[PDB]
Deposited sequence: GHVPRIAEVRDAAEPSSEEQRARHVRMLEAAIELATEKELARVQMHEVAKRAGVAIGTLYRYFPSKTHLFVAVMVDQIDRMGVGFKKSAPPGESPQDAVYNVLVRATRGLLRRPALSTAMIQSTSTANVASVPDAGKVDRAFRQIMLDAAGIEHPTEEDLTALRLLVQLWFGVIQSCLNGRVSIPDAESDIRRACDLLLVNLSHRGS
(Lines of atoms letter the chains of each structure in order from A and count residues from 1; the text may use other names and numbers.)
(Lines give C-alpha, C1' and ligand atoms only; values in the text may rest on other atoms or scores of the structure.)
Protein backbone atom coordinates (compact mmCIF):
# COMPACT_ATOMS: atom_id res chain seq x y z
CA UNK A 1 0.00 0.00 0.00
CA UNK A 2 2.93 2.31 0.75
CA UNK A 3 5.43 -0.36 -0.26
CA UNK A 4 3.52 0.51 -3.41
CA UNK A 5 4.07 4.27 -3.06
CA UNK A 6 7.80 3.85 -2.37
CA UNK A 7 7.85 1.50 -5.39
CA UNK A 8 6.62 4.56 -7.32
CA UNK A 9 9.29 6.93 -5.99
CA UNK A 10 11.92 4.25 -6.92
CA UNK A 11 10.97 4.18 -10.58
CA UNK A 12 10.99 8.02 -10.98
CA UNK A 13 14.48 8.44 -9.49
CA UNK A 14 15.78 5.41 -11.40
CA UNK A 15 14.51 7.31 -14.50
CA UNK A 16 15.90 10.66 -13.34
CA UNK A 17 19.24 8.97 -12.65
CA UNK A 18 19.47 7.33 -16.08
CA UNK A 19 18.58 10.44 -18.11
CA UNK A 20 21.64 12.08 -16.53
CA UNK A 21 24.06 9.21 -17.20
CA UNK A 22 22.63 8.73 -20.68
CA UNK A 23 20.82 10.56 -23.53
CA UNK A 24 17.06 9.79 -23.86
CA UNK A 25 17.37 7.77 -27.02
CA UNK A 26 19.68 5.32 -25.20
CA UNK A 27 17.96 5.20 -21.75
CA UNK A 28 16.55 1.72 -21.57
CA UNK A 29 13.40 0.52 -19.81
CA UNK A 30 15.17 -2.62 -18.56
CA UNK A 31 17.85 -0.49 -16.96
CA UNK A 32 15.06 1.51 -15.22
CA UNK A 33 13.36 -1.55 -13.68
CA UNK A 34 16.61 -3.25 -12.61
CA UNK A 35 17.96 0.01 -11.00
CA UNK A 36 14.49 0.50 -9.41
CA UNK A 37 14.31 -3.06 -8.12
CA UNK A 38 11.01 -3.83 -9.85
CA UNK A 39 9.91 -6.56 -12.22
CA UNK A 40 9.68 -5.36 -15.74
CA UNK A 41 5.97 -6.04 -15.97
CA UNK A 42 5.29 -3.67 -13.11
CA UNK A 43 7.41 -0.93 -14.67
CA UNK A 44 5.38 -0.91 -17.94
CA UNK A 45 2.16 -1.41 -16.07
CA UNK A 46 2.76 2.00 -14.48
CA UNK A 47 4.59 3.56 -17.43
CA UNK A 48 3.55 1.95 -20.81
CA UNK A 49 6.53 3.58 -22.53
CA UNK A 50 9.52 5.77 -22.08
CA UNK A 51 7.47 8.81 -23.04
CA UNK A 52 4.95 8.05 -20.23
CA UNK A 53 7.74 7.85 -17.79
CA UNK A 54 9.62 11.06 -18.55
CA UNK A 55 6.29 12.90 -18.63
CA UNK A 56 5.63 11.52 -15.15
CA UNK A 57 9.17 12.75 -14.32
CA UNK A 58 8.22 16.11 -15.84
CA UNK A 59 5.07 16.36 -13.65
CA UNK A 60 6.95 15.33 -10.58
CA UNK A 61 9.77 17.76 -11.23
CA UNK A 62 7.37 20.73 -11.51
CA UNK A 63 5.49 19.88 -8.26
CA UNK A 64 8.91 20.64 -6.67
CA UNK A 65 9.40 24.25 -7.96
CA UNK A 66 10.36 39.16 -4.27
CA UNK A 67 6.93 40.45 -3.13
CA UNK A 68 5.42 42.11 -6.30
CA UNK A 69 3.58 39.29 -8.19
CA UNK A 70 5.54 39.72 -11.47
CA UNK A 71 8.92 39.58 -9.63
CA UNK A 72 8.00 36.50 -7.61
CA UNK A 73 6.74 34.67 -10.68
CA UNK A 74 9.74 35.82 -12.59
CA UNK A 75 12.04 34.77 -9.79
CA UNK A 76 10.52 31.32 -9.69
CA UNK A 77 11.17 31.01 -13.46
CA UNK A 78 14.75 32.22 -13.17
CA UNK A 79 15.37 29.79 -10.30
CA UNK A 80 13.75 26.91 -12.32
CA UNK A 81 15.60 27.85 -15.50
CA UNK A 82 19.00 27.48 -13.83
CA UNK A 83 17.94 24.13 -12.32
CA UNK A 84 16.97 22.67 -15.67
CA UNK A 85 19.99 24.07 -17.55
CA UNK A 86 22.65 22.55 -15.37
CA UNK A 87 21.22 19.10 -15.93
CA UNK A 88 20.74 19.47 -19.67
CA UNK A 89 20.44 15.74 -20.36
CA UNK A 90 17.62 15.30 -17.84
CA UNK A 91 15.93 18.48 -18.96
CA UNK A 92 16.09 17.32 -22.58
CA UNK A 93 14.51 13.96 -21.71
CA UNK A 94 11.67 15.73 -19.87
CA UNK A 95 10.99 18.54 -22.37
CA UNK A 96 11.40 16.27 -25.43
CA UNK A 97 9.00 13.69 -23.98
CA UNK A 98 6.61 16.40 -22.96
CA UNK A 99 6.69 18.53 -26.11
CA UNK A 100 6.08 15.29 -27.97
CA UNK A 101 3.37 13.44 -25.93
CA UNK A 102 -0.16 13.21 -27.29
CA UNK A 103 -2.62 13.66 -24.39
CA UNK A 104 -4.71 10.65 -25.36
CA UNK A 105 -1.61 8.34 -25.46
CA UNK A 106 0.02 9.82 -22.38
CA UNK A 107 -2.58 11.14 -19.94
CA UNK A 108 0.04 12.64 -17.61
CA UNK A 109 0.82 15.07 -20.39
CA UNK A 110 -2.55 16.73 -19.83
CA UNK A 111 -1.51 17.29 -16.22
CA UNK A 112 1.58 19.37 -16.87
CA UNK A 113 -0.22 22.62 -17.85
CA UNK A 114 -2.35 22.20 -14.72
CA UNK A 115 0.74 21.58 -12.56
CA UNK A 116 2.80 24.57 -13.78
CA UNK A 117 -0.30 26.73 -13.20
CA UNK A 118 -0.71 25.77 -9.51
CA UNK A 119 2.93 26.88 -9.02
CA UNK A 120 2.52 30.16 -10.94
CA UNK A 121 -0.45 30.95 -8.70
CA UNK A 122 1.64 30.03 -5.67
CA UNK A 123 4.39 32.37 -6.94
CA UNK A 124 2.00 35.27 -7.62
CA UNK A 125 0.06 34.94 -4.36
CA UNK A 126 -7.71 35.28 -6.33
CA UNK A 127 -7.93 35.64 -9.57
CA UNK A 128 -10.02 35.55 -12.81
CA UNK A 129 -9.53 34.88 -16.58
CA UNK A 130 -6.86 37.36 -17.81
CA UNK A 131 -4.53 36.17 -15.08
CA UNK A 132 -4.79 32.51 -15.98
CA UNK A 133 -4.14 33.49 -19.57
CA UNK A 134 -1.13 35.73 -18.96
CA UNK A 135 0.19 32.91 -16.69
CA UNK A 136 -0.65 30.21 -19.23
CA UNK A 137 0.86 32.25 -22.05
CA UNK A 138 4.00 32.67 -19.98
CA UNK A 139 4.79 29.01 -19.23
CA UNK A 140 4.33 28.07 -22.83
CA UNK A 141 6.81 30.77 -23.83
CA UNK A 142 9.17 29.62 -21.05
CA UNK A 143 9.12 26.12 -22.56
CA UNK A 144 10.03 27.65 -25.90
CA UNK A 145 12.82 29.51 -24.23
CA UNK A 146 14.04 26.43 -22.36
CA UNK A 147 14.04 24.33 -25.61
CA UNK A 148 15.68 27.24 -27.54
CA UNK A 149 18.25 27.13 -24.75
CA UNK A 150 18.78 23.36 -24.90
CA UNK A 151 19.77 23.81 -28.60
CA UNK A 152 22.29 26.68 -28.95
CA UNK A 153 19.69 29.27 -30.05
CA UNK A 154 19.78 31.25 -26.86
CA UNK A 155 22.55 30.88 -24.27
CA UNK A 156 21.75 31.12 -20.56
CA UNK A 157 22.10 34.95 -20.20
CA UNK A 158 20.24 35.25 -23.52
CA UNK A 159 17.47 32.95 -22.33
CA UNK A 160 17.23 34.85 -19.04
CA UNK A 161 17.03 38.13 -21.05
CA UNK A 162 13.89 36.81 -22.83
CA UNK A 163 12.01 35.46 -19.83
CA UNK A 164 12.53 38.85 -18.17
CA UNK A 165 10.87 40.64 -21.15
CA UNK A 166 8.27 37.90 -21.51
CA UNK A 167 7.38 38.34 -17.83
CA UNK A 168 7.19 42.12 -17.95
CA UNK A 169 5.36 42.18 -21.28
CA UNK A 170 2.90 39.33 -20.63
CA UNK A 171 2.18 40.38 -17.05
CA UNK A 172 1.85 44.21 -17.26
CA UNK A 173 -1.53 43.90 -15.54
CA UNK A 174 -1.52 40.89 -13.28
CA UNK A 175 -3.38 41.56 -9.97
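Gaps between the deposited sequence and the modelled structure occur at positions 1 to 16, 82 to 91, 152 to 153, 204 to 207.
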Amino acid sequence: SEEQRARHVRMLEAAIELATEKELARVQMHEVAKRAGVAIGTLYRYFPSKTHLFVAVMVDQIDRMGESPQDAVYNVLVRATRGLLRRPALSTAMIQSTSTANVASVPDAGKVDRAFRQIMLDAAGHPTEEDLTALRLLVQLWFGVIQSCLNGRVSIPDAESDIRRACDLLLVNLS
From here on, numbers count along this sequence of modelled residues.
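Sort the modelled residues of the chain by CA B factor and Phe47 lands in the lowest third.
For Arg136, the recorded CA temperature factor ranks within the lowest third of the chain's modelled residues. The entry lists a Cα temperature factor for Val154 that places it in the highest third of the chain's modelled residues.
Per-chain ranking of the deposited C-alpha B factor places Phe143 in the highest third. When the CA B factors of the chain's modelled residues are split into thirds, the value for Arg82 lands in the middle one.
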